[PDB]
């Protein structure tokens, strides 16, 4: 999975993320870049333009929760399946979310990290984060 070197570059970067902001910015961008996803979030209210989306407080708040789940995944790279089993079941059975979108959100997250960190978001740190997004996506798809 992650060399210990990669684990290290990852948690090093994560420790600097604005926990209150990057989750809302990733979710916010998912909804603007892949607009078909908005149908899942009618209880968030106004998503009708990119500013509406990016300034919506429910997007920001739900974003925090998504980021928090990625924080959980970081703590448990060895058991992403168990860690995400309940969430996988919710997204599948209750929400009917196509599992392709887990990878899209992941990737949008990577884009946001690159956006905030610039040059520190080097190719090798990207590569390690790509392992993490894939691992989180597979685990979220696992109960499908």
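Rigid core here is just the name for the largest C-alpha set that superposes within 1.5 Å across the two forms. Residue numbers count along the first chain shown, from 1.
A.B. asks: Root mean square C-alpha distance from this form after a core fit in 5 other deposited structures of this protein: higher for 100-108 or for 42-50?
C.D. replies: Higher root mean square deviation of C-alphas in 5 other deposited structures of this protein is shown by 42-50.
A.B. asks: I need to verify one thing: averaged over C-alpha atoms only, is the B-factor higher for 85-93 or for 111-119?
C.D. replies: Mean C-alpha B-factor is greater for 85-93.
A.B. asks: Given the B-factors recorded for C-alpha atoms, which segment has the greater mean, 28-36 or 48-56?
C.D. replies: Looking at the recorded C-alpha B-factors, 48-56 comes out higher on average.
A.B. asks: Name the third of the chain's ranked CA B-factors that contains residue 133, choosing lowest, middle or highest.
C.D. replies: Middle third.
A.B. asks: Going by the entry, which third of its chain does the Cα temperature factor of residue 65 land in?
C.D. replies: Middle third.
A.B. asks: Consider only the C-alpha atoms of the modelled residues in this chain, order them by B-factor as the entry records it, and name the third containing residue 42: lowest, middle or highest.
C.D. replies: Middle third by C-alpha B-factor.
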